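I have placed the structure first, in the form of structure tokens, so that the comments after it can refer back to it.
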Amino acid sequence: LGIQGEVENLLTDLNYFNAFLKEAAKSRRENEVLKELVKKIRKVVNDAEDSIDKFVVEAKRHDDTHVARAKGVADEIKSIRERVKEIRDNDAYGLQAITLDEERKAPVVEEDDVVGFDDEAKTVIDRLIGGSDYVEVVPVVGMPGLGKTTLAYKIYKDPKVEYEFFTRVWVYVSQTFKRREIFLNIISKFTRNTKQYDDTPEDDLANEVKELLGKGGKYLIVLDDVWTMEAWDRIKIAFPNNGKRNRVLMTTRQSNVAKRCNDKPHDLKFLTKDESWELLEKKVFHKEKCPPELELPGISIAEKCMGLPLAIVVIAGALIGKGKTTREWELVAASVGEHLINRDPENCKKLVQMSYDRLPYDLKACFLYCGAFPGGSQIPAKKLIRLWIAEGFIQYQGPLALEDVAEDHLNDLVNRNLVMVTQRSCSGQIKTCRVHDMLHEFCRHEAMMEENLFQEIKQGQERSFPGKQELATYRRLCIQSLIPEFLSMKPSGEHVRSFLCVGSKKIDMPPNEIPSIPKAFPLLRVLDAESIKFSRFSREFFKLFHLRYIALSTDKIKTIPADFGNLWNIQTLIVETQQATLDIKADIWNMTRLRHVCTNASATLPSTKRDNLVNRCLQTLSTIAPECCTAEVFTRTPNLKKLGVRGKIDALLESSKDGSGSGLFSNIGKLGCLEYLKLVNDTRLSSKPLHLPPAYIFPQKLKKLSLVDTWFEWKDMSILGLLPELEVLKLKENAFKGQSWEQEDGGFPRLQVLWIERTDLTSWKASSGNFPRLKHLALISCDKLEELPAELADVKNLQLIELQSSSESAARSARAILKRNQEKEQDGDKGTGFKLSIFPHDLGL
Amino acid sequence: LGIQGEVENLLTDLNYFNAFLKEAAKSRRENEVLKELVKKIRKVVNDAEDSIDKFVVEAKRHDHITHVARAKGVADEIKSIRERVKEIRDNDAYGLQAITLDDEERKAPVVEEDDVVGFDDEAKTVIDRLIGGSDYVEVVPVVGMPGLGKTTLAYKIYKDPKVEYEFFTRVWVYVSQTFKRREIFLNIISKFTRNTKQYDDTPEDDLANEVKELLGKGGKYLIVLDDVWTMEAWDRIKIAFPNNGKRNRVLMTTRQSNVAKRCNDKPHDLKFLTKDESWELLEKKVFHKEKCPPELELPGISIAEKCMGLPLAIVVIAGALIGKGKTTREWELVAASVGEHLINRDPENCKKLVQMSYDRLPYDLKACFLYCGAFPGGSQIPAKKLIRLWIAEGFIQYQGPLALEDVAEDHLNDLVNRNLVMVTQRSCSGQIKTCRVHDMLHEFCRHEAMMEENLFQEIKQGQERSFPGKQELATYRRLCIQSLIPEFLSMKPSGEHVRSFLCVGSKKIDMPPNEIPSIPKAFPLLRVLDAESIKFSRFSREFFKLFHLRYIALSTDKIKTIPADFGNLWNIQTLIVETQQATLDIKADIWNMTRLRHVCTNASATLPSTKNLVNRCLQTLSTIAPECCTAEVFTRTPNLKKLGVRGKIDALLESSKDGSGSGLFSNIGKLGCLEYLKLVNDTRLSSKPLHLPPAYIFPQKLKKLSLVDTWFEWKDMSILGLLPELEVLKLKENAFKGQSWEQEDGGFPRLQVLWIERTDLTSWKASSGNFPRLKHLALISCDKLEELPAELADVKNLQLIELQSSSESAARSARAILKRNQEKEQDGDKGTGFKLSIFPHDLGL
Ligand SMILES: Nc1ncnc2c1ncn2[C@@H]1O[C@H](COP(=O)(O)OP(=O)(O)OP(=O)(O)O)[C@@H](O)[C@H]1O
Ligand SMILES: Nc1ncnc2c1ncn2[C@@H]1O[C@H](COP(=O)(O)OP(=O)(O)OP(=O)(O)O)[C@@H](O)[C@H]1O
């Protein structure tokens with residue numbers, strides 16, 4: 001095809017243009033002509049990929065009117081080629097400024113009136129005074145503008161620290177530094193003739209600092225703003241390990257650098273609601289107090305700063321200028337975020353840009369994507385990761401899976417402290433993450449204005465929904481509320497690649513506005529509408545040939561139709577169905593890029609037997625029917641890592657007709673990559689109690705098991721103990737039935753978490769070696785339990801136990817177990833941080 | 001079809017050129033060739049956005065032979081613009097090279113030490129403030145407009161015998177627009193020790209610590225931070241200033257009030273020279289020791305008044321008078337052209353100082369500040385009229401949550417805080433009401449906006465500058481005419497590129513009937529018509545063809561109804577019809593105005609039928625008929641913040657006796673954004689006076705109320721006390737009827753200003769619970785009041801009560817309150833700064 005030829009020439013220009021965008025993004029350009037040049041080529045690049053993906057889809061449909069649509073694509077390619085040719089000619093003067101080719105400003109912090117750091121300084125000073133006799137690093141970690149340097153300078157000037165450490169050196173490390181000037185700066189603290197070392201190498205300069213520091217007692221060295229582990233390695237030569245309890249206090253935005261200097265870094269606190277108000281009040285009114293007319297909007301101002309001292313200091317600058325009237329302060333309270341970033345591009349914007357610009361080029365889009373969700377809202381890590389892959393941000397072709405590559409992208413953001421973690425799974429994996437309010441405003445301002453990554457759709461007080469001229473340039477739409485009325489305007493976005501319904505309350509699509517999304521946005525790759533209840537599938541949903549992510553709630557539909565299989569590019573499938581049976585009639589076995597099938601009903605998979613391929617990318621098959629756990633299905637998914645079965649566990653374990661007792665559970669053991677297995681039972685009216693198949697038929701690589709309502713006997717825990725890799729066991733809704741549970745010796749070699757909900761169990765007995773690696777034990781709503789085994793005190797890995805609706809004798813046994821554990825720790829064993837939690841606290845007085 | 005595509009091609013070029021102008025305006029280089037390139041590109045850009053706007057209104061009107069001809073004309077005009085764009089790139093390639101690429105001044109200014117006139121009192125005021133104060137480091141920022149004499153006063157303060165005697169060490173520091181903090185610290189160190197060579201490897205952190213040590217060797221220090229421009233610049237320098245509790249002082253000079261407020265919440269705004277002192281300086285600078293000859297004394301005082309007490313203007317004209325010789329005729333010629341000598345012919349001294357504040361202004365604030373020069377010199381600019389003009393011209397670009405009025409008001413606050421715009425009047429709440437630009441800045445605005453950027457051009461008939469011809473009108477962008485409007489309009493002017501027509505005159509003129517349609521005929525692309533100084537006897541069909549109109553203000557004595565064809569101007573934001581008629585009936589389809597923001601009139605406006613769509617941008621409806629305050633009208637306007645009612649308001653407060661509670665006043669309570677409400681009565685022949693509806697019917701977010709001739713009994717004032725957020729209440733004559741005024745306990749929880757005029761009040765009883773926040777209480781022409789309640793003296797927040805020609809008992813009560821308050825202050829009670837003013841001094845003294 002000649003269209004392929006002009007596409008290939010277009011791709012060559014795209015490689016140059018993308019190289020220009022990457023090169024221009026490596027350093028922030030202050031020239032407006034280059035700013036508009038970057039935006040112009042960034043746009044023509046975006047329309048270029050959208051045009052080629054149209055040709056790719058149309059060529060795929062051609063290989064597997066049609067001619068008129070292909071002709072229209074060719075016309076788009078010709079128009080794009082005319083655009084790139086004029087860019088290379090008219091704007092060539094701007095390209096030459098990027099095809100071919102610094103001030104050290106140490107920060108200034110508060111000396112007097114430091115608010116809320118009285119106990120953080122006390123904690124860190126205690127860690128500086130005590131410890132080993134070797135040079136120990138005490139890192140203070142935090143997000144941009146948290147107050148690390150303010151705390152470090154508070155410690156540096158503390159009366160106890162000054163007396164403790166005879167020699168105190170403050171060194172300003174930064175993103176860029178020269179080791180020679182660092183050593184000469186430290187040398188200048190001690191001797192005035194620094195011209196003495198003009199030709200002395202850095203090797204002997206470091207030994208010179210060794211001599212200066214070792215002449216007295218301890219030394220404390222505050223390495224401010226360390227950004228890399230290489231910087232600490234290169235500078236630490238000057239610091240001798242002469243066994244004098246020497247300390248190196250360090251401040252950094254990087255948790256990975258902090259961990260390598262000390263395995264327990266000191267994460268700095270956020271100011272409380274009263275400390276934020278106290279700080280803002282002091283900054284604005286100085287010694288005087290806030291008049292009562294301004295206290296009400298002022299308190300809201302300090303609470304909207306989310307306890308970040310940088311935001312409170314920046315906002316107080318605007319309040320000082322505006323005045324002391326009530327009306328002005330409510331205007332600020334309604335636009336706290338804008339005052340931080342847009343109105344102040346020199347305090348908050350430049351401080352955040354110090355971390356954003358140091359990001360890798362691929363991680364920048366991942367970080368800005370977190371701003372699509374509402375400010376202060378919890379972002380599920382699994383949801384965020386699946387959106388990154390579906391958007392194309394995760395480009396990777398190594399041995400690992402894309403989930404594990406996007407996960408350490410997120411863990412890199414958390415290490416950089418650009419993303420905060422609110423909940424962690426039992427295995428330590430990130431579960432729920434949230435971006436700070438000012439960083440979120442930076443994500444909004446950068447993505448919507450500077451990069452056109454995504455756009456908010458709203459009609460607030462005065463602003464309205466975007467017009468036809470704006471939607472023609474929009475690439476991603478994120479919307480929280482008023483979705484049905486937004487779609488009632490009949491919008492038309494030709495360049496829209498994603499539609500994120502980030503609203504928290506589930507809405508219902510009217511039957512007339514159900515097909516609005518597929519027609520408004522024909523190039524939709526991502527449709528995150530799990531907060532929307534669709535009652536019907538419309539045929540236009542099956543014309544989204546570019547679709548890769550689709551999440552949707554439903555209350556009525558039961559079957560995914562066969563026309564849904566026309567979307568060969570789909571990766572993630574989330575259908576939160578209120579019903580009980582979800583017959584997936586779509587040909588999901590021909591989606592070579594399919595990765596996840598998540599649902600809550602009993603999904604019935606289509607027939608695998610009859611392209612001659614295998615679903616090598618499919619990783620999750622959650623809550624499918626037990627009838628579909630066939631041998632052919634598990635052959636089609638060699639790389640499955642999570643499996644879920646719901647309903648009729650009776651048919652999962654029943655023996656076959658060939659005489660062998662191994663049932664459908666035997667095929668599950670053939671999944672060599674399986675880590676998570678979930679079994680949920682529904683048929684309480686069945687006359688046959690369920691019996692667990694022997695452990696040699698289980699998947700031997702299973703690391704997490706969840707059972708609900710299965711009515712297994714407690715004697716089957718003995719064969720759950722034979723699993724070599726099981727680490728998390730959660731049992732809910734009397735999944736185990738019986739009044740007595742007596743453990744056999746041994747078993748559970750590496751189980752770490754045991755979660756128990758309501759069951760008719762009354763007695764529990766065990767031996768010393770039953771839980772060699774148990775760390776967390778939880779028991780909820782089991783009012784029939786009499787007592788807990790005393791052998792739990794021998795669990796060396798025990799850290800926390802939670803009991804609800806438990807007997808007082810169980811609390812007494814917990815007290816004895818804790819007391820024995822404390823006695824063991826007093827023999828030299830390190831403390832495990834034992835904790836006990838009984839909810840509600842009003843129970844038992 | 002392809003014409004719209006060609007508009008996209010032109011728009012792409014316009015984005016590049018607009019960025020070119022934005023980047024070029026960031027650096028005023030000496031390259032003259034680039035100065036002519038930016039002027040040529042700017043003219044093409046202006047002629048391009050005009051052609052694009054012509055295309056926009058043509059497309060809107062179309063969606064027929066005349067339309068086809070106009071479309072062909074637009075296509076030809078666009079083609080000419082495109083061809084002009086190609087000439088820019090073909091010939092001025094080098095000019096674009098200089099801006100897409102990138103790349104002595106720290107000499108302290110000279111100020112006279114001797115012959116300083118008019119600063120004896122101001123210096124003593126600041127000295128008495130430096131000597132006193134607290135025990136920690138206090139800053140005393142002197143702040144004023146460019147050329148005011150801050151450095152002259154600061155050097156005078158720096159050299160008095162009292163300042164020199166009291167302070168241990170005094171240091172002069174010249175901070176500037178751009179400075180290096182390292183050099184400042186090395187200069188302070190250079191004064192204590194001359195061996196500054198030894199700090200080459202010493203970082204700025206240890207330099208600031210060295211300045212701490214040097215200043216801390218003794219007692220007080222006074223440091224004159226000259227010309228500080230930023231909040232950050234003060235923070236980075238104050239780290240070198242020790243705080244040892246010895247009453248250390250810092251004397252800062254700055255053009256920024258917001259920077260001054262941060263250092264001290266009570267900035268010392270420098271005063272302007274009086275008319276006597278201005279003449280004294282001029283005669284001392286021109287004639288030196290010799291006195292002015294008597295023949296030159298009369299013109300000399302005339303030019304001294306032209307400077308408006310600014311020393312910089314006096315110094316500049318002094319050089320002009322020296323060069324121009326000493327003759328009476330020449331001096332009178334200078335007095336007629338003072339502005340020319342300030343800026344046009346002396347760019348060496350005056351213009352550069354003005355440009356220091358101007359080039360630091362953000363790009364959006366530059367056009368906002370230059371627009372303030374359109375109004376006549378010394379004239380008073382209303383703040384609400386100025387703000388609406390900025391929005392109409394497009395200078396305010398905003399997408400956040402605030403309203404465009406609040407953003408533009410913040411722009412006005414930024415200009416005032418930069419001392420580029422004076423504030424002459426302030427509202428009760430402290431909002432800026434009337435502003436005026438200083439004379440030197442007005443001439444700079446006119447020079448920059450006529451001879452450099454072509455923002456606006458004035459029309460006048462002087463000695464040599466007659467009315468401009470057709471060639472000059474072909475380049476005029478905005479028209480500003482003060483007088484001789486009918487004479488200018490009689491010649492049938494033809495300005496096809498005029499975007500504004502500001503009648504900046506003060507006295508109203510009646511437009512001759514035969515010249516009424518001349519304004520719309522002359523400038524078809526009129527975007528702003530500020531004809532509020534012109535009385536129109538009739539509307540014309542030519543007015544309804546100004547499809548680009550956004551701001552329209554006009555006075556009238558004959559027009560009673562706005563015609564329906566007025567609604568053809570869908571772009572209108574502000575609609576002002578100041579009519580002397582009793583009623584105004586708006587037949588125009590104002591609901592179709594999607595961007596309508598303000599409708600203001602003095603008559604009882606009768607709104608048209610609303611018959612889904614919502615006017616989200618409408619903020620003000622001003623005075624309307626009571627019968628039009630329906631729940632349907634308020635549905636279409638949810639963001640209304642000011643409402644006015646005029647006429648027979650008994651149709652508003654009447655009870656719906658049919659059985660429902662749907663009184664027209666109850667619909668007002670459904671407006672959640674209302675903040676100010678006005679009611680004016682016209683009909684007095686009701687059998688009984690009206691009574692207020694219950695307070696829960698009032699809008700809860702109401703913060704200001706105003707009633708006229710409503711004849712409300714004083715008993716129904718306590719219900720106004722149940723308004724939670726009310727802050728200002730004002731009443732004109734006969735708004736309240738009766739002689740006895742009594743209040744319940746509590747009420748008025750947030751009242752701050754109360755206004756009463758010419759009521760029948762004679763007896764007044766109140767309680768301390770009704771005034772928790774009251775600050776202003778005026779009783780103009782309420783001479784029948786006997787005595788003020790004693791509870792008023794207990795109100796801490798009370799500020800001023802002003803009465804003239806009051807009763808003898810009222811004067812005696814004022815004397816008793818003043819005497820008792822003075823006695824209490826002498827006994828240790830904290831003073832509230834309460835003042836009483838009596839004019840003239842013949843009575844009451
Ligand atoms: N407890 C506090 N009281 C008053 N001001 C504070 C406090 N903590 C921080 N600040 C102010 O907040 C701003 C940012 O704090 P700080 O300089 O310590 O940032 P940081 O966490 O070191 O920043 P970076 O991310 O650049 O390393 C500074 O202007 C500082 O004065
Ligand atoms: N009271 C005065 N008597 C005589 N000359 C004065 C007086 N005040 C100021 N001047 C003169 O006015 C001119 C400008 O004043 P000055 O240099 O003090 O300006 P400024 O307020 O510091 O301005 P900028 O905002 O540019 O810093 C100088 O030449 C100075 O000598």
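Every chain in the structure tokens has a letter given in the order shown (A, B, ...), and although residue numbers restart at 1 in each chain, ligands are simply numbered from 1 in the order shown.
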Using only C-alpha atoms and all ligand atoms, determine which residues fall within 7 Å of ligand 2, then list them as an MDAnalysis selection string.
chainID B and resid 109:112 115:119 144:153 227 254:255 281 311:312 315 353
Once you have the residues from the selection above, write them out as a short mmCIF file (atom, residue, chain, number, x, y, z; two decimals), in the first residue's frame, restricted to N, CA and C atoms.
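After the write, selection35.cif holds the following:
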```cif
data_model
loop_
_atom_site.label_atom_id
_atom_site.label_comp_id
_atom_site.auth_asym_id
_atom_site.auth_seq_id
_atom_site.Cartn_x
_atom_site.Cartn_y
_atom_site.Cartn_z
N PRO B 109 21.85 54.47 43.09
CA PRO B 109 21.37 55.74 42.54
C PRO B 109 21.90 56.94 43.32
N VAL B 110 21.97 58.07 42.63
CA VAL B 110 22.45 59.31 43.24
C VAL B 110 21.26 60.12 43.72
N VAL B 111 21.30 60.52 44.99
CA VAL B 111 20.26 61.34 45.59
C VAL B 111 20.93 62.49 46.34
N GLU B 112 20.33 63.67 46.24
CA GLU B 112 20.93 64.86 46.83
C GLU B 112 20.88 64.78 48.35
N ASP B 115 19.96 70.51 50.52
CA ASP B 115 18.80 71.15 49.89
C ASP B 115 17.63 70.17 49.74
N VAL B 116 17.42 69.35 50.77
CA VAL B 116 16.26 68.47 50.82
C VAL B 116 15.10 69.25 51.42
N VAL B 117 14.01 69.38 50.67
CA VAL B 117 12.89 70.25 51.02
C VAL B 117 11.65 69.40 51.24
N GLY B 118 11.02 69.55 52.40
CA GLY B 118 9.74 68.94 52.68
C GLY B 118 9.79 67.59 53.35
N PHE B 119 10.95 67.14 53.82
CA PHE B 119 11.08 65.83 54.45
C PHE B 119 11.48 65.93 55.92
N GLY B 144 6.31 53.91 48.54
CA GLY B 144 5.73 54.95 47.70
C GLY B 144 5.93 54.65 46.23
N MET B 145 5.35 55.51 45.40
CA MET B 145 5.38 55.38 43.95
C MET B 145 6.77 55.72 43.42
N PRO B 146 7.10 55.35 42.18
CA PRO B 146 8.43 55.65 41.65
C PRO B 146 8.74 57.14 41.68
N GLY B 147 9.97 57.47 42.05
CA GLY B 147 10.41 58.85 42.09
C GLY B 147 9.88 59.67 43.25
N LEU B 148 9.25 59.03 44.23
CA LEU B 148 8.64 59.79 45.33
C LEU B 148 9.68 60.43 46.23
N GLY B 149 10.82 59.78 46.44
CA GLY B 149 11.83 60.30 47.33
C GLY B 149 12.12 59.38 48.50
N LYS B 150 11.94 58.08 48.28
CA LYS B 150 12.21 57.11 49.34
C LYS B 150 13.70 57.04 49.65
N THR B 151 14.54 56.97 48.62
CA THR B 151 15.98 56.93 48.86
C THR B 151 16.51 58.25 49.39
N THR B 152 15.94 59.38 48.93
CA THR B 152 16.35 60.67 49.47
C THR B 152 15.99 60.78 50.95
N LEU B 153 14.80 60.32 51.32
CA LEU B 153 14.42 60.32 52.73
C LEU B 153 15.24 59.31 53.52
N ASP B 227 15.61 49.69 48.05
CA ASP B 227 15.00 49.19 46.82
C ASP B 227 14.82 47.68 46.84
N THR B 254 10.89 50.65 49.35
CA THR B 254 10.33 49.76 48.34
C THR B 254 9.12 50.41 47.69
N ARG B 255 8.87 50.05 46.44
CA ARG B 255 7.65 50.45 45.74
C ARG B 255 6.48 49.53 46.04
N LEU B 281 11.28 73.52 45.62
CA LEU B 281 12.27 72.65 45.00
C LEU B 281 12.59 73.11 43.58
N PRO B 311 8.83 64.85 43.55
CA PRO B 311 10.18 65.40 43.35
C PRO B 311 10.82 65.01 42.03
N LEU B 312 10.57 63.79 41.54
CA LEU B 312 11.22 63.35 40.31
C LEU B 312 10.77 64.19 39.12
N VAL B 315 12.50 67.56 39.29
CA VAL B 315 13.89 67.52 38.87
C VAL B 315 13.99 67.45 37.35
N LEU B 353 13.17 55.07 35.29
CA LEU B 353 12.67 54.74 36.62
C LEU B 353 11.23 54.23 36.56
#
```
Find the residues of chain B in contact range of chain A, meaning any atom within 9 Å when counting only C-alpha atoms, and list them as a short mmCIF file (atom, residue, chain, number, x, y, z; two decimals) with C-alpha atoms, in the first residue's frame.
```
data_model
loop_
_atom_site.label_atom_id
_atom_site.label_comp_id
_atom_site.auth_asym_id
_atom_site.auth_seq_id
_atom_site.Cartn_x
_atom_site.Cartn_y
_atom_site.Cartn_z
CA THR B 12 -1.29 28.59 14.11
CA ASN B 15 0.19 31.51 18.30
CA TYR B 16 3.82 31.77 17.18
CA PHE B 17 3.67 35.55 16.72
CA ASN B 18 1.89 36.14 20.04
CA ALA B 19 4.62 34.13 21.79
CA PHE B 20 7.16 36.20 19.85
CA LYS B 22 5.43 37.97 24.72
CA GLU B 23 9.10 36.92 24.67
CA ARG B 89 9.27 35.04 7.68
CA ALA B 93 14.37 35.64 9.41
CA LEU B 96 13.24 35.73 14.66
CA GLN B 97 16.76 34.36 15.19
CA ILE B 99 14.59 36.03 20.09
CA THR B 100 14.51 32.22 19.81
CA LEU B 101 18.13 32.26 20.97
CA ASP B 102 19.35 33.61 24.31
CA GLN B 198 39.87 35.24 52.04
CA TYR B 199 36.23 34.15 51.55
CA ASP B 200 36.58 32.75 48.01
CA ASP B 201 35.88 29.19 49.21
CA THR B 202 33.46 30.26 51.97
CA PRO B 203 29.80 29.57 51.08
CA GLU B 204 27.05 32.14 51.42
CA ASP B 205 25.74 30.27 54.47
CA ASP B 206 29.00 30.91 56.32
CA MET B 231 9.23 39.00 49.53
CA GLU B 232 11.98 36.45 48.89
CA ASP B 235 13.92 36.64 53.51
CA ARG B 236 17.25 35.72 51.93
CA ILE B 239 19.39 35.64 57.65
CA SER B 257 3.17 47.72 49.81
CA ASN B 258 2.67 43.95 50.02
CA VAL B 259 6.41 43.51 50.62
CA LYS B 261 3.33 44.69 55.02
CA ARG B 262 5.21 41.41 55.53
CA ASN B 264 5.75 45.38 59.25
CA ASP B 265 1.95 45.42 59.16
CA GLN B 399 -10.53 29.58 34.27
CA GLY B 400 -10.51 28.89 38.02
CA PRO B 401 -13.37 28.95 40.52
CA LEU B 402 -13.45 32.71 41.19
CA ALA B 403 -15.52 35.22 39.24
CA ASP B 406 -12.89 39.12 41.68
CA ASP B 410 -7.18 41.35 42.37
CA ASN B 413 -5.16 45.40 44.07
CA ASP B 414 -1.84 44.25 42.59
CA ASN B 417 0.14 47.39 45.99
CA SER B 429 -16.12 46.95 53.60
CA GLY B 430 -12.74 48.29 52.44
CA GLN B 431 -13.14 47.36 48.77
CA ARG B 616 -24.34 31.28 34.64
CA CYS B 617 -22.36 34.51 34.08
CA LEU B 618 -24.98 37.03 35.28
CA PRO B 638 -28.16 31.23 39.99
CA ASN B 639 -24.96 33.27 40.47
CA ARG B 750 -22.06 40.15 62.23
CA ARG B 773 -18.82 43.84 65.25
#
```
Which residues come within 12 Å of residue 160 of chain A, counting only C-alpha atoms, excluding same-chain residues fewer than 5 positions away, as a VMD selection string?
chain A and resid 121 to 122 124 to 126 128 to 129 154 to 155 165 to 166
Using N, CA, C and O atoms, can you write the selected residues to a file as an mmCIF file, in the first residue's frame?
```cif
data_model
loop_
_atom_site.group_PDB
_atom_site.id
_atom_site.type_symbol
_atom_site.label_atom_id
_atom_site.label_comp_id
_atom_site.auth_asym_id
_atom_site.auth_seq_id
_atom_site.Cartn_x
_atom_site.Cartn_y
_atom_site.Cartn_z
ATOM 1 N N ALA A 121 11.761 17.122 66.791
ATOM 2 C CA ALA A 121 13.145 17.421 67.141
ATOM 3 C C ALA A 121 13.600 16.566 68.315
ATOM 4 O O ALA A 121 14.725 16.054 68.327
ATOM 5 N N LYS A 122 12.729 16.390 69.311
ATOM 6 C CA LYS A 122 13.078 15.572 70.469
ATOM 7 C C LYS A 122 13.306 14.119 70.069
ATOM 8 O O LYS A 122 14.205 13.456 70.600
ATOM 9 N N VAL A 124 14.295 12.930 67.022
ATOM 10 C CA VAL A 124 15.509 12.778 66.224
ATOM 11 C C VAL A 124 16.752 12.979 67.084
ATOM 12 O O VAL A 124 17.757 12.278 66.915
ATOM 13 N N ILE A 125 16.708 13.936 68.014
ATOM 14 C CA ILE A 125 17.853 14.175 68.891
ATOM 15 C C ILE A 125 18.145 12.938 69.733
ATOM 16 O O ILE A 125 19.308 12.597 69.979
ATOM 17 N N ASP A 126 17.096 12.243 70.178
ATOM 18 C CA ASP A 126 17.299 10.999 70.914
ATOM 19 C C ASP A 126 17.977 9.946 70.050
ATOM 20 O O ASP A 126 18.820 9.188 70.543
ATOM 21 N N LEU A 128 20.020 10.652 67.593
ATOM 22 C CA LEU A 128 21.396 11.097 67.400
ATOM 23 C C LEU A 128 22.264 10.779 68.612
ATOM 24 O O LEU A 128 23.420 10.372 68.461
ATOM 25 N N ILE A 129 21.724 10.963 69.819
ATOM 26 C CA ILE A 129 22.514 10.747 71.028
ATOM 27 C C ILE A 129 22.803 9.264 71.225
ATOM 28 O O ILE A 129 23.930 8.877 71.562
ATOM 29 N N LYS A 154 16.481 23.311 63.286
ATOM 30 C CA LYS A 154 16.048 23.326 64.679
ATOM 31 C C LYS A 154 16.900 22.391 65.527
ATOM 32 O O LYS A 154 17.254 22.721 66.665
ATOM 33 N N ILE A 155 17.234 21.218 64.988
ATOM 34 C CA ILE A 155 18.118 20.290 65.685
ATOM 35 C C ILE A 155 19.540 20.838 65.716
ATOM 36 O O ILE A 155 20.238 20.747 66.733
ATOM 37 N N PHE A 165 27.595 17.622 70.486
ATOM 38 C CA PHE A 165 28.540 17.498 69.382
ATOM 39 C C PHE A 165 29.455 18.716 69.377
ATOM 40 O O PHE A 165 29.002 19.841 69.146
ATOM 41 N N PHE A 166 30.745 18.489 69.638
ATOM 42 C CA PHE A 166 31.701 19.591 69.674
ATOM 43 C C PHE A 166 31.829 20.260 68.312
ATOM 44 O O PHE A 166 31.864 21.492 68.218
#
```
Check segment 660-693 of chain B with DSSP on the backbone and list each residue it calls strand (DSSP E or B), as a PyMOL selection string.
chain B and resi 676-681
Could those selected residues go to a file with N, CA, C and O atoms, as a short mmCIF file (atom, residue, chain, number, x, y, z; two decimals), in the first residue's frame?
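Produced file out_8.cif, reproduced below:
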```cif
data_model
loop_
_atom_site.label_atom_id
_atom_site.label_comp_id
_atom_site.auth_asym_id
_atom_site.auth_seq_id
_atom_site.Cartn_x
_atom_site.Cartn_y
_atom_site.Cartn_z
N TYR B 676 -25.64 41.35 48.24
CA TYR B 676 -26.13 42.70 48.42
C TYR B 676 -27.53 42.81 47.84
O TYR B 676 -27.77 42.39 46.70
N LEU B 677 -28.45 43.38 48.62
CA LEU B 677 -29.84 43.53 48.22
C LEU B 677 -30.28 44.98 48.40
O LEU B 677 -29.92 45.63 49.39
N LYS B 678 -31.05 45.48 47.44
CA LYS B 678 -31.54 46.86 47.45
C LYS B 678 -33.05 46.86 47.23
O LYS B 678 -33.56 46.11 46.40
N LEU B 679 -33.75 47.68 48.00
CA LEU B 679 -35.18 47.88 47.86
C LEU B 679 -35.49 49.37 47.90
O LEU B 679 -35.04 50.07 48.81
N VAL B 680 -36.24 49.85 46.91
CA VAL B 680 -36.61 51.25 46.80
C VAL B 680 -38.12 51.31 46.57
O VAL B 680 -38.65 50.63 45.69
N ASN B 681 -38.80 52.13 47.37
CA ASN B 681 -40.25 52.24 47.29
C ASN B 681 -40.65 53.49 46.52
O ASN B 681 -39.94 54.50 46.48
#
```
Neighbour list for residue 519 of chain B as a VMD selection string, cut-off 10 Å, only C-alpha atoms, skip fewer than 2 positions in-chain:
chain B and resid 485 to 486 489 492 to 495 501 515 to 517 521 to 524 526 529 531 542 to 543 546
